[PDB]
Structure formats: structure tokens, C-alpha cells
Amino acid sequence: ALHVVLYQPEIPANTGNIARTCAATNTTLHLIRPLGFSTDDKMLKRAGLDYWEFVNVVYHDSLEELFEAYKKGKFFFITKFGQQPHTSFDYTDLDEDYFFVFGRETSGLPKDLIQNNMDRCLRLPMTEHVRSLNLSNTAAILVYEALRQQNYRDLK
């Protein structure tokens, strides 16, 4: 019911951790195929430990292919640019598929896409001591915020 999209990830271990977090929440992981690693990177495998068999991982050769395939979806885009924190939105409809899309670790999301949908742009309130926050951590804050709103349904 929940989805995590990774636009061309770079760090294998970051993605592997997110896969484990997905298996702990029964979340679908989406990957935009211009990846910075291979499918056989051993750091990818390690970060996912043994939980890989419980992750439904979907590959998409482009951001477009994903959007069209999941035409009925609440696509939430997570960048520094959004003027609204992630907790100011609503994820409480359980009859829906919620999509959280994460940019490249050293780039962002496509600047065209951010322009068109700034109402769905979630910025995690930080300080100035760091420029960003680890993707695998940032992915988890949103899954367990949305899971709070859905009252961790079926999850004990």
C-alpha cells in the first residue's frame, strides 16, 4: 500500500538499508534505472542483510515509466525546495497508494518536476550545520510518519 521511489541512487549501502526498512514495513521500493551501482554490488546486499526476499523491488527505466504505470498514486516529492514539512500533509486514506520519491544523493530531483508540483514537495526541517540528511534515515522518517497516520495497520 506504501511505496518508496529512488531516483537514480548512488550509494549502494544507502539503498540496501532502505530495502530492509521496506521489508520491515511491507513497502514497495521503486528504482529509476540510471543507477550509480550494479545489482550485484555486495554493499547493496550487505546493507539489506537477509531481508531482501521480503522486499518487492520494482525497476523503472525512467521517472516517466513509473508515473504512468502507477497512474492512481499520491506522489510526494522530497527535496530541500518544498516549503512545507513532511508532517503537514495527509496520508490517512488506506484505500490508496502513497508514493514518496527521493532525489539523487548529490543532485536533487529533476528541477522541472519540482517546479510543477511544489504543493507535493516535502522538506524535512533541519538546521544549517549540515546540508542534507542521510537518505536511508530520511526514507524511514516518512514511512513511519505515514504509518503513524495509518495507525501502523496490520503492523504490530
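We number the residues from 1 along the sequence you see.
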(request) Quick one: which of 126, 122, 31, 55 shows the highest Cα temperature factor in the PDB entry? (result) 55
(message) What third of the chain does residue 81 rank in for C-alpha temperature factor, lowest, middle or highest?
(response) highest
(request) Check where residue 149 lands among this chain's C-alpha B-factors and tell me if it's the lowest, middle or highest third. (result) middle
(request) Quick one: classify residue 37 as lowest, middle or highest third of the chain based on its Cα B-factor. (result) lowest
(request) Please place residue 109 in the lowest, middle or highest third of its chain by C-alpha B factor as given in the entry. (result) middle
(request) Sort the modelled residues of this chain by their C-alpha B factor and say whether residue 66 lands in the lowest, middle or highest third. (result) highest
